[PDB]
Structure formats: structure tokens, C-alpha cells
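Only one structure is covered here, and it is reproduced in the block below.
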Amino acid sequence: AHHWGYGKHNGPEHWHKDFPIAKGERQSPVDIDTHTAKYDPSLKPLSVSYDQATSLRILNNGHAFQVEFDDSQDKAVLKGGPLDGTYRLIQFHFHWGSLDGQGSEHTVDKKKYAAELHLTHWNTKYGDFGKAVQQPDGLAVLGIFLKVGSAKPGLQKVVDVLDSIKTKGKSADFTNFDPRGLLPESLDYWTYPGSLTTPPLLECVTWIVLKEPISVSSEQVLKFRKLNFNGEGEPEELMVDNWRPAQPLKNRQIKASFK
Ligand SMILES: NS(=O)(=O)c1nc2ccccc2s1
Ligand SMILES: NS(=O)(=O)c1nc2ccccc2s1
Ligand SMILES: [Zn+2]
């Protein structure tokens, strides 16, 4: 079974041995070189439509924590921007570091942020998530950088439940959470074709990375770092540095929605 992780012996540099697409042509994340990225006037404004979102549950999956949504109908969707059609929000999760100087997956002119939020959506034309990941336009992931400064009020409900899902396989009710409280003011973005950043690393994602980071407090991110990779009663391994480094851009163009 799957035994990949972010440890000293099963981290990103090992993944290719069980997931050979790790060395593929459209892997994520990437470094965003802001001077090479081209303004594309043909891109549209994003439409983030989360007014009817229905969060359900939060889970420690042994790699991160994920907040899951009801994706059995169009409730919270992403449209527009580089996308054709409608993409349903299935879950969000974060990647973060052991200290504030690393944690993001994407980088901007080689700068690493303290963490990165991924809101994961799937293209409804394929009917279910499992079919969507097998298609080059199957997923859209909205990525948002976190820097450490002032607290993010809309994140606090998430941090306050983490004590209850400390170890792998623990979950808790997480209804009535509004993900709009995790967004920055501006929806200016970069976009490029890429992949899932954890195994199976499938090349099925249209990445939309917001230019404006959100600010979270040191206290908030410190609570992320108290989670465990391990299961209950097992030797404690703090859940930190659960990010994949930047991968080769190869023959891909990063486009900007803004001038
Ligand atoms: N990262 S992986 O190729 O999927 C993997 N690494 C390791 C290391 C030790 C035991 C099993 C596995 S499975
Ligand atoms: N980190 S991510 O590219 O947003 C992502 N990776 C995976 C892997 C398996 C299932 C869902 C997702 S969402
Ligand atoms: Zn992710």
C-alpha cells in the first residue's frame, strides 16, 4: 500500500519509485518567475461562487488535514478565469513548514511562503472526482499563499478544531464553515497546467495561484505544527514540512490575469 510521506526516507525525492509520473512533463508545484509570466488579456475574471457551500467534516489524513464539502450537487463552484465549465469544491487543505521561511509549494521568484492553501475542485462534465483525475482538464486547484503577520479571523474556527484531530485517521464534524473567509481581497492570479502535488501526482490540474497572500498569525500557524503525521499512540512525528518542492517547468507557460 501507499507508504510515501515527507519523512527522511519516504519524501518527495523518493516518490518517483512508486509514481513514475513524478518525473513527468507537467508536474507541480513550480516556481513562478514574475518577469517571464505573460499578461493574457484573453483570461477572464475568476468566478468564485461559495455562497451555498456546505462544509461537512475535517480529517487528519496523515499528510495534512482536509476540510470536506458536499459535492453531490453544484453548491460551491469555481468558474471563469482560464476554465471552461463548472468545477465543484470537494475539499481544501494546507501545506506548511517547520518555520516561517518555508512551507509553500509554489514559489514566487524563488520566495517561499510560510504555507499554502489549496481549494480543490473537479470538473462536473466527468461526473465524479475519480473520473476527473484521469483527464487533463479534470481539476482546478485555487492556491493561496499564507504569510505570518496579523491573524486571519476566518481561519480561527479551523485552528481551534485541530486539537481534536491530532493524529492520522481522526475526524470531526465541521459544518457551517464559510471558506470565503480564507480569501484575500484581490483575485488577481497566475495560471498554468500542472498536476496533483501528492501521489498519485496525476497531470489533471489547471492551477490558479492568487498573487495576494493572506496574513495569518504566528499563533495560528504554530497550531498547524502541533498536528501529528502518526496515528494514535504511535511515536510522535510532528506534521511539518508537508510540501513538495518546485518541479521543472519544461514546456509550459505561466499566464497572468493582471498587467
Ligand atoms: N515515496 S514512495 O516511493 O512511494 C516510498 N518510499 C518508501 C520508503 C520505505 C518503505 C516504503 C516506501 S514507498
Ligand atoms: N496538493 S493538491 O495538488 O491540491 C492535491 N493532491 C491530491 C492527491 C490526491 C487526491 C486529491 C488531491 S488535491
Ligand atoms: Zn495541496
Side-chain angles (χ1 to χ4, degrees), residues 28-55 66-67 69 71 74-96 103-109 111-124 137-158 177-194 196-197 204-216 220 252-259:
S28 295
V30 299
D31 181 58
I32 299 166
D33 194 85
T34 67
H35 298 282
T36 304
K38 290 144 97 127
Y39 170 59
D40 184 350
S42 86
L43 287 171
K44 314 201 152 291
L46 267 188
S47 173
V48 182
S49 295
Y50 289 172
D51 180 70
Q52 295 297 308
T54 297
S55 64
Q66 73 187 37
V67 173
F69 288 78
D71 60 344
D74 294 350
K75 298 258 190 105
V77 302
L78 186 64
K79 294 160 43 64
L83 305 172
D84 295 308
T86 301
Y87 291 71
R88 282 189 198 156
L89 179 64
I90 176 175
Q91 49 97 343
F92 71 76
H93 61 272
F94 300 80
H95 305 262
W96 63 89
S104 66
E105 296 209 305
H106 293 88
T107 57
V108 179
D109 297 332
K111 177 188 170 65
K112 294 174 174 76
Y113 287 89
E116 188 173 330
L117 165 61
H118 290 162
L119 296 124
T120 305
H121 313 74
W122 59 272
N123 194 329
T124 62
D137 58 352
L139 295 201
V141 184
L142 180 58
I144 304 176
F145 297 118
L146 281 62
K147 65 176 188 180
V148 176
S150 65
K152 189 69 165 172
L155 181 61
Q156 192 59 32
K157 282 191 167 65
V158 173
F177 179 77
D178 187 351
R180 294 177 296 185
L182 300 175
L183 303 178
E185 171 190 331
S186 174
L187 298 180
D188 287 347
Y189 65 88
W190 298 283
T191 181
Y192 74 97
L196 305 176
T197 71
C204 62
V205 182
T206 301
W207 276 96
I208 301 166
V209 178
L210 298 187
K211 172 160 83 338
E212 183 168 26
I214 61 167
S215 290
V216 304
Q220 290 178 317
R252 293 178 286 176
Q253 312 179 85
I254 303 179
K255 298 173 185 181
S257 72
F258 58 90
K259 333 85 241 134

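We use all heavy atoms of the structure for the numbers below, so side chains are in, but hydrogens, waters and symmetry mates are not. The first residue in the sequence is number 1, and the count goes up from there.
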Report task. List in chain and number order the residues that pass ring pair (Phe, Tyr, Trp, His ring centres under 6.0 Å) with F145, two or more places apart in sequence or in another chain; answer none if no residue qualifies. Result ->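 Here the qualifying residues are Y113.
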Query raised in the report: Of all residues at least two apart in sequence or in a different chain, which pass the ring pair (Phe, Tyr, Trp, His ring centres under 6.0 Å) check with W96?
Result: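 With sequence neighbours excluded, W96 shows a ring pair (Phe, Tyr, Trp, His ring centres under 6.0 Å) to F65, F224, given in chain and number order.
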Requested in this report: Kindly determine whether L187 and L210 satisfy side chain to side chain contact (heavy atoms under 4.5 Å, CB included), including the steps that lead there.
Outcome: CA-CA 6 Å; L187 298 180; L210 298 187; 4.1 Å; yes
Looking at [X] and [Y], what are the two nearest heavy atoms and their distance?
X    : Y    : result
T206 : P82  : CG2-CG, 3.9 Å
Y192 : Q253 : CB-O, 3.8 Å
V67  : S55  : CG1-CB, 4.3 Å
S28  : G194 : OG-CA, 3.3 Å
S104 : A115 : CB-O, 3.9 Å

Ignoring hydrogens and geometry, is there a side-chain-to-backbone donor-acceptor pair from [X] to [Y] under 3.5 Å?
X    : Y    : value
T191 : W207 : yes
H121 : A140 : yes
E212 : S186 : yes
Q220 : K152 : yes
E116 : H106 : yes
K75  : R88  : no

Which value, rounded to the nearest 0.5 Å, describes the distance between [X] atom [atom1] and [Y] atom [atom2]?
X    : Y    : atom1 : atom2 : value
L183 : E185 : CG    : CD    : 11.5 Å
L117 : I144 : CG    : CD1   : 5.0 Å
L89  : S49  : CG    : OG    : 11.5 Å
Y189 : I32  : OH    : CD1   : 13.0 Å
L182 : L155 : CG    : CG    : 6.0 Å
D31  : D109 : CG    : CG    : 6.5 Å

Requested in this report: Return yes when atom CG of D178 has more than 12 non-hydrogen atoms of other residues, nucleotides or ligands closer than 6.0 Å, and no otherwise.
Outcome: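 Enclosed.
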Query raised in the report: Mind checking whether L142 and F92 have side chains closer than 4.5 Å, heavy atoms only?
Result: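 With C-beta onward as the side chain, the pair stays apart.
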Query raised in the report: Do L78 and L83 come within less than 4.5 Å of each other through their side chains, counting heavy atoms only?
Result: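 Yes, at least one pair of side-chain atoms sits under 4.5 Å.
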Query raised in the report: Out of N123, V77, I208, which one pairs with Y87 under the side chain to side chain contact (heavy atoms under 4.5 Å, CB included) rule?
Result: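 Exactly one pass, corresponding to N123.
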Report task. Start with the C-alpha distance between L196 and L139, add both sets of side-chain angles, then the distance that settles side chain to side chain contact (heavy atoms under 4.5 Å, CB included), and finish with yes or no. Result -> CA-CA 9 Å; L196 305 176; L139 295 201; 3.5 Å; yes
Requested in this report: Please lay out, stage by stage, how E105 and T197 fare under the test side-chain hydrogen bond (donor to acceptor under 3.5 Å, both in side chains).
Outcome: CA-CA 8 Å; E105 296 209 305; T197 71; 2.6 Å; yes
Query raised in the report: Hey, would you say the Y50 and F69 ring centroids sit under 6.0 Å apart?
Result: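 No, ring centres 6.0 Å or more apart.
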Query raised in the report: Sequence neighbours excluded, which residues qualify as side chain to side chain donor-acceptor pair (under 3.5 Å) partners of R252?
Result: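 By the side chain to side chain donor-acceptor pair (under 3.5 Å) rule, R252 matches no residue at all.
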Query raised in the report: Run the salt bridge (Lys or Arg N to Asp or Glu O under 4.0 Å) check on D188 and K211 step by step: do they pass?
Result: CA-CA 6 Å; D188 287 347; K211 172 160 83 338; 3.5 Å; yes
